[PDB]
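Visitor: Just data_35.cif, nothing more (mmCIF, C-alpha atoms):
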data_run
#
loop_
_atom_site.group_PDB
_atom_site.id
_atom_site.type_symbol
_atom_site.label_atom_id
_atom_site.label_comp_id
_atom_site.auth_asym_id
_atom_site.auth_seq_id
_atom_site.Cartn_x
_atom_site.Cartn_y
_atom_site.Cartn_z
ATOM 1 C CA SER I 1 92.839 145.904 99.228
ATOM 2 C CA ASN I 2 93.973 148.025 102.173
ATOM 3 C CA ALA I 3 90.369 148.632 103.219
ATOM 4 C CA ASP I 4 89.350 144.988 102.571
ATOM 5 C CA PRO I 5 92.360 142.701 102.803
ATOM 6 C CA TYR I 6 92.273 139.893 100.294
ATOM 7 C CA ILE I 7 94.734 137.187 99.262
ATOM 8 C CA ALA I 8 94.283 134.678 96.445
ATOM 9 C CA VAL I 9 95.244 131.102 97.091
ATOM 10 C CA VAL I 10 95.391 128.917 93.950
ATOM 11 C CA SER I 11 95.703 125.326 95.031
ATOM 12 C CA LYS I 12 95.875 121.933 93.237
ATOM 13 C CA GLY I 13 92.212 121.274 94.046
ATOM 14 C CA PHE I 14 90.653 118.459 96.008
ATOM 15 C CA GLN I 15 91.455 115.376 93.928
ATOM 16 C CA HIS I 16 93.552 114.371 96.964
ATOM 17 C CA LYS I 17 92.124 115.069 100.452
ATOM 18 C CA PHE I 18 95.540 116.315 101.602
ATOM 19 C CA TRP I 19 94.242 119.584 100.165
ATOM 20 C CA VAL I 20 91.267 119.753 102.558
ATOM 21 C CA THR I 21 93.802 119.900 105.344
ATOM 22 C CA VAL I 22 95.909 122.509 103.543
ATOM 23 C CA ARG I 23 92.750 124.613 103.210
ATOM 24 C CA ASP I 24 92.138 124.313 106.933
ATOM 25 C CA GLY I 25 95.655 125.640 107.594
ATOM 26 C CA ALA I 26 95.216 128.460 105.122
ATOM 27 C CA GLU I 27 91.836 129.551 106.521
ATOM 28 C CA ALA I 28 93.311 129.528 110.014
ATOM 29 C CA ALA I 29 96.190 131.819 109.088
ATOM 30 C CA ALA I 30 93.783 133.987 107.130
ATOM 31 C CA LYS I 31 91.506 134.490 110.150
ATOM 32 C CA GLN I 32 94.503 135.072 112.465
ATOM 33 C CA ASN I 33 95.802 137.893 110.221
ATOM 34 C CA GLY I 34 92.453 139.508 109.391
ATOM 35 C CA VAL I 35 92.490 138.683 105.724
ATOM 36 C CA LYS I 36 89.938 137.078 103.427
ATOM 37 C CA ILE I 37 91.230 134.383 101.099
ATOM 38 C CA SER I 38 90.049 132.604 98.016
ATOM 39 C CA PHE I 39 91.061 128.924 97.917
ATOM 40 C CA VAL I 40 90.602 127.785 94.361
ATOM 41 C CA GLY I 41 91.796 124.824 92.324
ATOM 42 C CA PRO I 42 91.049 122.438 89.437
ATOM 43 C CA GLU I 43 88.706 119.477 89.749
ATOM 44 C CA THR I 44 91.601 117.129 89.084
ATOM 45 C CA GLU I 45 95.308 117.810 88.898
ATOM 46 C CA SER I 46 95.303 117.072 85.141
ATOM 47 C CA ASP I 47 93.053 120.144 84.526
ATOM 48 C CA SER I 48 95.931 122.512 83.820
ATOM 49 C CA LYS I 49 93.859 124.805 81.574
ATOM 50 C CA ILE I 50 91.330 125.442 84.348
ATOM 51 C CA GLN I 51 94.141 126.161 86.807
ATOM 52 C CA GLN I 52 95.587 128.652 84.346
ATOM 53 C CA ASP I 53 92.137 130.243 84.038
ATOM 54 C CA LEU I 54 91.558 130.357 87.774
ATOM 55 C CA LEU I 55 94.988 131.986 88.317
ATOM 56 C CA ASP I 56 94.127 134.586 85.653
ATOM 57 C CA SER I 57 90.770 135.272 87.225
ATOM 58 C CA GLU I 58 92.424 135.834 90.606
ATOM 59 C CA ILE I 59 95.132 138.100 89.125
ATOM 60 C CA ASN I 60 92.379 140.224 87.622
ATOM 61 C CA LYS I 61 90.967 140.886 91.137
ATOM 62 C CA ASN I 62 94.096 142.829 92.057
ATOM 63 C CA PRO I 63 94.643 140.846 95.283
ATOM 64 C CA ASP I 64 97.075 141.936 97.925
ATOM 65 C CA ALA I 65 99.153 138.829 97.301
ATOM 66 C CA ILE I 66 98.917 135.406 95.636
ATOM 67 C CA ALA I 67 99.947 132.001 96.958
ATOM 68 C CA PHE I 68 100.263 129.386 94.244
ATOM 69 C CA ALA I 69 100.828 125.589 93.933
ATOM 70 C CA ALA I 70 101.077 124.782 90.215
ATOM 71 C CA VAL I 71 99.759 121.518 88.756
ATOM 72 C CA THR I 72 101.708 120.240 85.707
ATOM 73 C CA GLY I 73 101.643 122.898 82.967
ATOM 74 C CA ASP I 74 102.982 126.196 81.786
ATOM 75 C CA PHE I 75 102.102 129.210 83.897
ATOM 76 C CA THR I 76 104.734 131.606 82.594
ATOM 77 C CA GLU I 77 102.247 134.054 81.059
ATOM 78 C CA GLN I 78 100.376 134.321 84.368
ATOM 79 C CA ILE I 79 103.596 134.706 86.374
ATOM 80 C CA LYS I 80 104.850 137.327 83.914
ATOM 81 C CA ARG I 81 101.652 139.331 84.453
ATOM 82 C CA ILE I 82 101.902 138.968 88.262
ATOM 83 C CA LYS I 83 105.468 140.312 88.045
ATOM 84 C CA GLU I 84 104.378 143.290 85.951
ATOM 85 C CA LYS I 85 101.483 144.099 88.299
ATOM 86 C CA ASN I 86 103.865 143.906 91.293
ATOM 87 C CA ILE I 87 101.579 141.486 93.169
ATOM 88 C CA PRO I 88 103.592 139.620 95.807
ATOM 89 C CA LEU I 89 103.843 135.959 94.822
ATOM 90 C CA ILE I 90 104.420 133.055 97.243
ATOM 91 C CA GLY I 91 104.792 129.433 96.236
ATOM 92 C CA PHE I 92 103.459 126.634 98.374
ATOM 93 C CA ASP I 93 103.672 122.844 98.282
ATOM 94 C CA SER I 94 105.508 122.176 94.960
ATOM 95 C CA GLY I 95 105.006 125.901 94.233
ATOM 96 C CA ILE I 96 106.147 127.319 90.895
ATOM 97 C CA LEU I 97 108.664 125.374 88.782
ATOM 98 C CA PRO I 98 111.970 127.180 89.004
ATOM 99 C CA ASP I 99 112.306 127.683 85.267
ATOM 100 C CA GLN I 100 108.908 129.426 85.249
ATOM 101 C CA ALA I 101 109.381 131.709 88.226
ATOM 102 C CA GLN I 102 110.985 134.641 86.373
ATOM 103 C CA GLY I 103 112.377 136.203 89.565
ATOM 104 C CA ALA I 104 108.857 136.810 90.841
ATOM 105 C CA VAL I 105 108.564 134.205 93.585
ATOM 106 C CA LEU I 106 109.443 135.799 96.926
ATOM 107 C CA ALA I 107 109.327 132.698 99.103
ATOM 108 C CA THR I 108 107.785 129.220 99.207
ATOM 109 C CA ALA I 109 106.347 127.136 102.039
ATOM 110 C CA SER I 110 106.888 123.414 101.402
ATOM 111 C CA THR I 111 108.196 120.071 102.402
ATOM 112 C CA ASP I 112 111.900 119.653 101.585
ATOM 113 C CA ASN I 113 111.528 116.693 99.171
ATOM 114 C CA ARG I 114 115.158 115.654 99.260
ATOM 115 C CA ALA I 115 115.214 115.594 103.076
ATOM 116 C CA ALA I 116 111.982 113.668 103.328
ATOM 117 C CA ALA I 117 113.274 111.103 100.848
ATOM 118 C CA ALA I 118 116.494 110.808 102.807
ATOM 119 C CA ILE I 119 114.432 109.684 105.833
ATOM 120 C CA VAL I 120 113.139 106.834 103.689
ATOM 121 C CA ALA I 121 116.749 105.984 102.620
ATOM 122 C CA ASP I 122 117.816 105.888 106.287
ATOM 123 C CA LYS I 123 115.004 103.448 107.123
ATOM 124 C CA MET I 124 115.600 101.325 104.015
ATOM 125 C CA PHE I 125 119.358 101.072 104.708
ATOM 126 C CA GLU I 126 118.607 100.120 108.310
ATOM 127 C CA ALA I 127 116.257 97.368 107.124
ATOM 128 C CA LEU I 128 118.451 95.983 104.348
ATOM 129 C CA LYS I 129 122.113 96.451 105.367
ATOM 130 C CA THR I 130 122.657 92.870 106.652
ATOM 131 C CA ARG I 131 120.805 91.473 103.637
ATOM 132 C CA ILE I 132 122.848 93.517 101.155
ATOM 133 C CA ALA I 133 126.140 92.298 102.674
ATOM 134 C CA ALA I 134 125.273 88.798 101.342
ATOM 135 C CA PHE I 135 125.468 90.001 97.736
ATOM 136 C CA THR I 136 128.559 90.582 95.638
ATOM 137 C CA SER I 137 130.002 92.950 93.150
ATOM 138 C CA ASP I 138 129.190 90.517 90.280
ATOM 139 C CA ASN I 139 125.578 89.947 91.556
ATOM 140 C CA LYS I 140 124.464 93.146 93.323
ATOM 141 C CA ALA I 141 121.450 93.584 95.596
ATOM 142 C CA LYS I 142 118.849 95.710 93.838
ATOM 143 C CA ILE I 143 116.715 98.490 95.276
ATOM 144 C CA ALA I 144 114.104 100.000 92.936
ATOM 145 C CA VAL I 145 113.176 103.668 93.118
ATOM 146 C CA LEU I 146 109.807 104.448 91.453
ATOM 147 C CA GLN I 147 110.242 108.089 90.600
ATOM 148 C CA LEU I 148 106.855 109.711 89.920
ATOM 149 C CA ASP I 149 107.882 111.984 87.012
ATOM 150 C CA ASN I 150 110.637 114.212 85.606
ATOM 151 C CA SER I 151 109.366 117.378 87.297
ATOM 152 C CA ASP I 152 111.159 119.186 90.164
ATOM 153 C CA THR I 153 109.115 117.125 92.660
ATOM 154 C CA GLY I 154 109.882 113.727 91.111
ATOM 155 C CA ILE I 155 113.583 114.559 90.656
ATOM 156 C CA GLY I 156 113.943 115.708 94.226
ATOM 157 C CA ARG I 157 111.986 112.853 95.803
ATOM 158 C CA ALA I 158 114.211 110.388 93.884
ATOM 159 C CA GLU I 159 117.597 112.198 94.198
ATOM 160 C CA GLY I 160 117.096 112.691 97.962
ATOM 161 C CA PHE I 161 116.769 108.933 98.465
ATOM 162 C CA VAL I 162 119.550 108.011 96.016
ATOM 163 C CA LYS I 163 122.061 110.512 97.532
ATOM 164 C CA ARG I 164 121.430 109.441 101.110
ATOM 165 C CA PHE I 165 121.288 105.670 100.388
ATOM 166 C CA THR I 166 124.544 105.888 98.422
ATOM 167 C CA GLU I 167 126.218 107.788 101.242
ATOM 168 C CA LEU I 168 125.191 105.204 103.832
ATOM 169 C CA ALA I 169 125.810 102.103 101.706
ATOM 170 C CA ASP I 170 129.231 103.327 100.383
ATOM 171 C CA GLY I 171 130.198 104.417 103.872
ATOM 172 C CA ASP I 172 129.716 100.938 105.306
ATOM 173 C CA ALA I 173 132.446 98.658 103.952
ATOM 174 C CA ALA I 174 130.174 95.603 104.436
ATOM 175 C CA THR I 175 127.715 97.012 101.841
ATOM 176 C CA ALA I 176 129.895 99.069 99.508
ATOM 177 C CA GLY I 177 130.022 97.727 96.004
ATOM 178 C CA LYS I 178 127.248 95.164 96.579
ATOM 179 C CA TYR I 179 124.183 97.173 95.672
ATOM 180 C CA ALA I 180 122.550 98.943 92.731
ATOM 181 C CA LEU I 181 119.753 101.464 92.787
ATOM 182 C CA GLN I 182 117.355 101.122 89.830
ATOM 183 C CA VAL I 183 115.621 104.449 89.176
ATOM 184 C CA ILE I 184 112.424 103.844 87.150
ATOM 185 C CA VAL I 185 110.015 106.534 85.922
ATOM 186 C CA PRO I 186 106.709 105.230 84.625
ATOM 187 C CA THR I 187 105.592 106.773 81.331
ATOM 188 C CA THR I 188 102.641 108.333 83.169
ATOM 189 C CA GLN I 189 101.260 108.279 86.720
ATOM 190 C CA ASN I 190 98.271 106.234 85.510
ATOM 191 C CA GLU I 191 97.497 102.780 86.896
ATOM 192 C CA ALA I 192 98.575 100.510 84.105
ATOM 193 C CA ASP I 193 101.788 102.370 83.480
ATOM 194 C CA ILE I 194 102.865 102.064 87.116
ATOM 195 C CA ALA I 195 101.611 98.475 87.483
ATOM 196 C CA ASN I 196 103.454 97.417 84.361
ATOM 197 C CA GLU I 197 106.722 98.770 85.788
ATOM 198 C CA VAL I 198 106.080 96.997 89.123
ATOM 199 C CA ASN I 199 105.539 93.715 87.171
ATOM 200 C CA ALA I 200 109.303 93.587 86.317
ATOM 201 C CA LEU I 201 110.100 93.766 89.978
ATOM 202 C CA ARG I 202 108.286 90.476 90.768
ATOM 203 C CA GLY I 203 109.969 87.136 91.107
ATOM 204 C CA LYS I 204 112.931 87.564 93.419
ATOM 205 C CA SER I 205 114.253 90.569 91.499
ATOM 206 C CA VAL I 206 114.835 93.269 94.140
ATOM 207 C CA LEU I 207 115.229 93.589 97.894
ATOM 208 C CA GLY I 208 113.380 96.866 98.341
ATOM 209 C CA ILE I 209 111.157 99.301 96.569
ATOM 210 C CA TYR I 210 110.837 103.030 97.307
ATOM 211 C CA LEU I 211 107.476 104.535 96.214
ATOM 212 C CA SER I 212 107.959 108.311 95.667
ATOM 213 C CA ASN I 213 104.281 109.256 95.878
ATOM 214 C CA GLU I 214 100.753 108.039 96.454
ATOM 215 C CA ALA I 215 100.206 107.201 92.766
ATOM 216 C CA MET I 216 103.276 104.971 92.884
ATOM 217 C CA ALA I 217 101.879 103.215 95.951
ATOM 218 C CA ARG I 218 98.505 102.645 94.233
ATOM 219 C CA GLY I 219 100.200 101.145 91.172
ATOM 220 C CA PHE I 220 102.324 98.963 93.375
ATOM 221 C CA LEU I 221 99.169 97.739 95.137
ATOM 222 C CA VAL I 222 97.682 96.570 91.819
ATOM 223 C CA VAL I 223 100.449 93.942 91.793
ATOM 224 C CA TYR I 224 101.259 93.241 95.474
ATOM 225 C CA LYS I 225 98.253 92.556 97.614
ATOM 226 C CA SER I 226 99.298 90.503 100.624
ATOM 227 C CA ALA I 227 101.958 90.182 103.327
ATOM 228 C CA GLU I 228 101.026 86.588 104.175
ATOM 229 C CA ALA I 229 103.241 83.613 103.463
ATOM 230 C CA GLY I 230 101.926 81.453 100.635
ATOM 231 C CA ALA I 231 99.235 83.971 99.649
ATOM 232 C CA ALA I 232 98.559 85.154 96.108
ATOM 233 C CA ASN I 233 100.487 88.271 95.131
ATOM 234 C CA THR I 234 102.424 88.383 98.392
ATOM 235 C CA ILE I 235 105.587 90.282 99.354
ATOM 236 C CA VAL I 236 106.559 87.282 101.473
ATOM 237 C CA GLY I 237 109.439 85.320 100.012
ATOM 238 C CA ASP I 238 109.523 87.478 96.860
ATOM 239 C CA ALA I 239 112.705 89.419 97.475
ATOM 240 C CA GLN I 240 115.878 88.838 95.558
ATOM 241 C CA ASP I 241 117.376 86.820 98.476
ATOM 242 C CA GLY I 242 114.093 84.886 99.051
ATOM 243 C CA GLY I 243 113.168 87.019 102.042
ATOM 244 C CA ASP I 244 110.400 89.593 102.124
ATOM 245 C CA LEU I 245 110.284 92.739 100.034
ATOM 246 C CA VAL I 246 110.938 95.963 101.942
ATOM 247 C CA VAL I 247 108.628 98.563 100.507
ATOM 248 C CA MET I 248 108.438 102.211 101.734
ATOM 249 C CA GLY I 249 106.434 105.166 100.479
ATOM 250 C CA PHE I 250 105.608 108.825 100.613
ATOM 251 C CA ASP I 251 102.408 110.716 101.501
ATOM 252 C CA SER I 252 99.258 108.698 102.498
ATOM 253 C CA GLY I 253 95.756 108.113 101.137
ATOM 254 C CA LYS I 254 93.597 105.179 102.149
ATOM 255 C CA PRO I 255 95.155 102.456 99.984
ATOM 256 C CA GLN I 256 98.614 103.294 101.288
ATOM 257 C CA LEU I 257 97.423 103.528 104.918
ATOM 258 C CA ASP I 258 95.710 100.166 104.689
ATOM 259 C CA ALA I 259 98.868 98.643 103.078
ATOM 260 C CA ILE I 260 100.915 99.919 106.070
ATOM 261 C CA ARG I 261 98.311 98.485 108.508
ATOM 262 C CA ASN I 262 98.362 95.135 106.652
ATOM 263 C CA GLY I 263 102.178 94.918 106.555
ATOM 264 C CA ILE I 264 102.635 95.225 102.776
ATOM 265 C CA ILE I 265 104.372 98.624 103.098
ATOM 266 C CA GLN I 266 106.773 98.973 106.038
ATOM 267 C CA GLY I 267 106.353 102.725 106.450
ATOM 268 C CA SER I 268 106.232 106.028 104.637
ATOM 269 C CA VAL I 269 106.988 109.690 105.108
ATOM 270 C CA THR I 270 104.180 112.222 105.494
ATOM 271 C CA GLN I 271 104.130 115.902 104.900
ATOM 272 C CA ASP I 272 102.374 118.472 107.203
ATOM 273 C CA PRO I 273 99.559 119.829 104.982
ATOM 274 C CA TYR I 274 98.061 122.058 107.650
ATOM 275 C CA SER I 275 101.371 123.825 108.142
ATOM 276 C CA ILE I 276 101.860 124.134 104.400
ATOM 277 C CA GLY I 277 98.617 126.027 104.163
ATOM 278 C CA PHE I 278 99.072 128.053 107.322
ATOM 279 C CA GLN I 279 102.623 129.097 106.349
ATOM 280 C CA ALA I 280 101.600 129.905 102.743
ATOM 281 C CA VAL I 281 99.032 132.441 103.903
ATOM 282 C CA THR I 282 101.388 133.770 106.572
ATOM 283 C CA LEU I 283 104.127 134.417 104.009
ATOM 284 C CA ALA I 284 101.607 135.985 101.659
ATOM 285 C CA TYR I 285 100.223 138.245 104.317
ATOM 286 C CA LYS I 286 103.691 139.380 105.423
ATOM 287 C CA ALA I 287 104.731 139.988 101.801
ATOM 288 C CA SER I 288 101.502 142.000 101.324
ATOM 289 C CA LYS I 289 102.639 144.303 104.137
ATOM 290 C CA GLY I 290 106.041 144.783 102.495
ATOM 291 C CA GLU I 291 107.743 142.657 105.167
ATOM 292 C CA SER I 292 110.757 140.557 104.228
ATOM 293 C CA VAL I 293 110.031 136.870 103.754
ATOM 294 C CA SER I 294 112.047 133.669 103.369
ATOM 295 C CA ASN I 295 111.449 130.100 102.321
ATOM 296 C CA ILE I 296 109.858 127.939 104.976
ATOM 297 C CA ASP I 297 110.542 124.204 105.343
ATOM 298 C CA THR I 298 107.478 122.480 106.760
ATOM 299 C CA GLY I 299 109.270 119.119 107.079
ATOM 300 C CA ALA I 300 108.256 115.503 106.976
ATOM 301 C CA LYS I 301 107.783 112.652 109.441
ATOM 302 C CA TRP I 302 108.149 108.884 109.252
ATOM 303 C CA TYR I 303 105.023 106.880 110.016
ATOM 304 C CA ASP I 304 104.504 103.153 110.342
ATOM 305 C CA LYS I 305 102.346 100.635 112.187
ATOM 306 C CA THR I 306 103.735 101.762 115.488
ATOM 307 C CA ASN I 307 102.695 105.419 115.291
ATOM 308 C CA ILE I 308 99.996 105.589 112.630
ATOM 309 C CA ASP I 309 97.255 106.095 115.278
ATOM 310 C CA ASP I 310 99.178 108.563 117.404
ATOM 311 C CA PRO I 311 97.014 111.695 117.329
ATOM 312 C CA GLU I 312 99.878 113.976 116.251
ATOM 313 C CA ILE I 313 100.654 111.687 113.299
ATOM 314 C CA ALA I 314 97.081 110.851 112.368
ATOM 315 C CA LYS I 315 96.233 114.486 111.903
ATOM 316 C CA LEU I 316 98.856 114.756 109.056
ATOM 317 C CA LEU I 317 97.389 111.767 107.126
ATOM 318 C CA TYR I 318 94.469 111.746 104.725
ATOM 319 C CA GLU I 319 92.160 109.128 103.146
#
Rewrite the structure of this file - the entire thing - as C-alpha cells.

Guide:
Amino acid sequence: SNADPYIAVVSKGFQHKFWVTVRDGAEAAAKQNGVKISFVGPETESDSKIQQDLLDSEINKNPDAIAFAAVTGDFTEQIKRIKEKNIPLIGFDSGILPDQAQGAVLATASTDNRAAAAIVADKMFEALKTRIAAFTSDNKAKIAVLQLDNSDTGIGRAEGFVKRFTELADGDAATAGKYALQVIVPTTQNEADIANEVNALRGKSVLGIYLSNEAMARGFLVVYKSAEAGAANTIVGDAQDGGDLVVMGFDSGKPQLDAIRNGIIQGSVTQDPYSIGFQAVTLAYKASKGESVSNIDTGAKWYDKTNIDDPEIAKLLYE
C-alpha cells in the first residue's frame, strides 16, 4: 500500500539454486527502493497447482505490483484477475507465456534466449568449421540440438542456435551444404527420456551436441561420463569423424560445472540471476509508481575452463 509499500514476487521456487541468487537480487532492489517483498514459489517446478494458489493468495493481498515467473501451466485466470484489479504486472525470467498475457504484462526482465543461444552457435561453429568442411552434401556433418521442450523458452533456446549456426555455416562456402542440424525434443525433461535420446547420438553419429538447459546436460551425463581416451563412456573418438564430440550447454548446476572442469562439456552460457531479480523488483517498483517501464535484457555470458573461477563469472553460477 502507499503507507506500507509491498510487492509480490512469485518465483519458480528453489528446486534450482539459481533462484537463491535471484532472491538475493530481488531483496536488494526491494531494500534500495523502500519496499517489502514476498518471494514465493513451488517446492518443485512441476507443482503448477501450488504456484497457481500462491499467485492467487498474493493477488488477494492487493499488492502494489506483482512480478511473476510462471512454471509450466495455465495462469490465465490469475492474469485475468490481475488485469481487472489493475495491479501492475511484470514478468521475470521466462515470465508469462505470451498467449496467456492478455495485454496485462507491462514489461519483463530476462535473459534474451535467442541471443544467448547464438553465443553457443558462434562457439560451436568456431570449433567445428574445419571438421565440417571434410563432409559432403551426400554425407553431411551432424550437429544435434537437444531442445528442452515446446514452450517459449525451449523454442527460443533452440531457434537462436539454429538461426545463428545456419547463418555462419551457409555464409562460409567451405561449410555450406555439408551440415545438418538435428533438433530433438525429449518427450519429457526426466532422466530416462533425455538419456534415451542421447543414446542415438553415440557411436560416431554427430560432431557436436548443444544442450539447451541444465536438465539436458544431466541427461547427457547419464550417457557420457569421461573425456579420456580409451575410457568407458568417453567423448574421445566418438564423433562422426572419429574425433572428439564438441558438447556445449546452457545454465550451470554442479553436474554441468564438473563436466566443464573435467573436459566433457567445452563450455556453456550462463544467465545473470542476481540481475534478473534486481531488475524484476525495480520494474515492479517503477510500475507501482505509475512510471513508464520497458523490457530489460539481462544478457548471458560464455563460461568455460578458462574463466569458470573468475570471480565475476563464478558469482553467476550455481550448484

Visitor: Taking the file as shown, what set of residues would the PyMOL selection byres ((chain I and resi 155) around 12) give back, as a short mmCIF file (atom, residue, chain, number, x, y, z; two decimals) with C-alpha atoms, keeping the file's coordinate frame?

Guide:
data_model
loop_
_atom_site.label_atom_id
_atom_site.label_comp_id
_atom_site.auth_asym_id
_atom_site.auth_seq_id
_atom_site.Cartn_x
_atom_site.Cartn_y
_atom_site.Cartn_z
CA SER I 94 105.51 122.18 94.96
CA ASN I 113 111.53 116.69 99.17
CA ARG I 114 115.16 115.65 99.26
CA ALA I 117 113.27 111.10 100.85
CA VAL I 145 113.18 103.67 93.12
CA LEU I 146 109.81 104.45 91.45
CA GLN I 147 110.24 108.09 90.60
CA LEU I 148 106.86 109.71 89.92
CA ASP I 149 107.88 111.98 87.01
CA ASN I 150 110.64 114.21 85.61
CA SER I 151 109.37 117.38 87.30
CA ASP I 152 111.16 119.19 90.16
CA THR I 153 109.12 117.12 92.66
CA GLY I 154 109.88 113.73 91.11
CA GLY I 156 113.94 115.71 94.23
CA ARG I 157 111.99 112.85 95.80
CA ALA I 158 114.21 110.39 93.88
CA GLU I 159 117.60 112.20 94.20
CA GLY I 160 117.10 112.69 97.96
CA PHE I 161 116.77 108.93 98.46
CA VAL I 162 119.55 108.01 96.02
CA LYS I 163 122.06 110.51 97.53
CA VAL I 183 115.62 104.45 89.18
CA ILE I 184 112.42 103.84 87.15
CA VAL I 185 110.02 106.53 85.92
CA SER I 212 107.96 108.31 95.67
CA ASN I 213 104.28 109.26 95.88
#

Visitor: Step by step, work through what the PyMOL selection byres ((chain I and resi 22) around 8) selects in the shown file, and finish by giving those residues as a ChimeraX atom specification.

Guide: /I:18-21,23-26,273-278

Visitor: Can you tell me, as a list in words, what residues are no more than 7 Å from residue 179 (chain I) when counting only C-alpha atoms, ignoring any on the same chain fewer than 6 positions away?

Guide: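 With the cut-off at 7 Å, the set is residues 132, 140, 141 and 142 of chain I.
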
Visitor: Can you translate the PyMOL selection byres ((chain I and resi 259) around 10) into the concrete residues it hits in this file, as a ChimeraX atom specification?

Guide: /I:217-218,221,224-227,254-258,260-267,305

Visitor: Find the residue from I:100, I:126, I:167, I:202 that sits nearest to residue 237 (chain I); use all atoms listed in the file when measuring.

Guide: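 For residue 237 (chain I), the nearest of the given residues is I:202.
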
Visitor: May I have the centre and edge lengths, in Å to one decimal, of an axis-aligned box around the listed atoms of region 138-150 of chain I with 5 Å added to every side, as JSON?

Guide:
{"center_x": 118.0, "center_y": 102.1, "center_z": 90.6, "size_x": 32.3, "size_y": 34.3, "size_z": 20.0}

Visitor: Kindly provide the residues of region 135-235 of chain I that approach region 39-48 of chain I to within 12 Å, each paired with its closest atom pair and their distance in Å to one decimal, based on all atoms listed in the file, listed by chain and increasing number, as CSV.

Guide:
residue,atom,partner,partner_atom,distance
I:188,CA,I:46,CA,11.6
I:189,CA,I:46,CA,10.7
I:190,CA,I:46,CA,11.2

Visitor: Quote the spacing between CA of residue 245 (chain I) and CA of residue 233 (chain I) in Å to one decimal place.

Guide: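 CA of residue 233 (chain I) lies at a distance of 11.8 Å from CA of residue 245 (chain I).
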
Visitor: Of the residues I:215, I:35, I:101, I:8, which is the one nearest to residue 62 (chain I), using only C-alpha atoms?

Guide: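 Ranking I:215, I:35, I:101, I:8 by distance to residue 62 (chain I), first place goes to I:8.
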
Visitor: Quick one: of I:198, I:248, I:181, I:118, who's nearest to residue 300 (chain I), counting all atoms listed in the file?

Guide: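 The closest residue to residue 300 (chain I) is I:118.
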
Visitor: Give me, please, the distance in Å between CA of residue 207 (chain I) and CA of residue 249 (chain I), quoted to one decimal.

Guide: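 Calculated distance between CA of residue 207 (chain I) and CA of residue 249 (chain I) is 14.8 Å.
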
Visitor: Have a look at I:139, I:166, I:38, I:86 and name the one nearest to residue 240 (chain I); count all atoms listed in the file.

Guide: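 For residue 240 (chain I), the nearest of the candidates is I:139.
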
Visitor: Of the candidates I:80, I:138, I:301, I:280, which shows the shortest atom-to-atom distance to residue 314 (chain I), using all atoms listed in the file?

Guide: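 The answer is I:301, which sits nearest to residue 314 (chain I).
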
Visitor: Within 12 Å of residue 174 (chain I), counting all atoms listed in the file, which residues show up once you throw out same-chain ones fewer than 4 positions away? Write them as a ChimeraX atom specification, please.

Guide: /I:128-137,168-170,178-179

Visitor: Pick the closest to residue 7 (chain I) from I:81, I:315, I:123, I:286: which is it, counting only C-alpha atoms?

Guide: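 Of I:81, I:315, I:123, I:286, the one nearest residue 7 (chain I), counting only C-alpha atoms, is I:286.
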
Visitor: List as a ChimeraX atom specification the protein and nucleic acid residues near residue 112 (chain I), meaning an atom at most 7 Å away when all atoms listed in the file are counted, but skip any in the same chain fewer than 3 places from it.

Guide: /I:115-116,297,299

Visitor: Go ahead and compute the interatomic distance for CA of residue 288 (chain I) and CA of residue 64 (chain I), in Å to one decimal.

Guide: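 It comes out at 5.6 Å.
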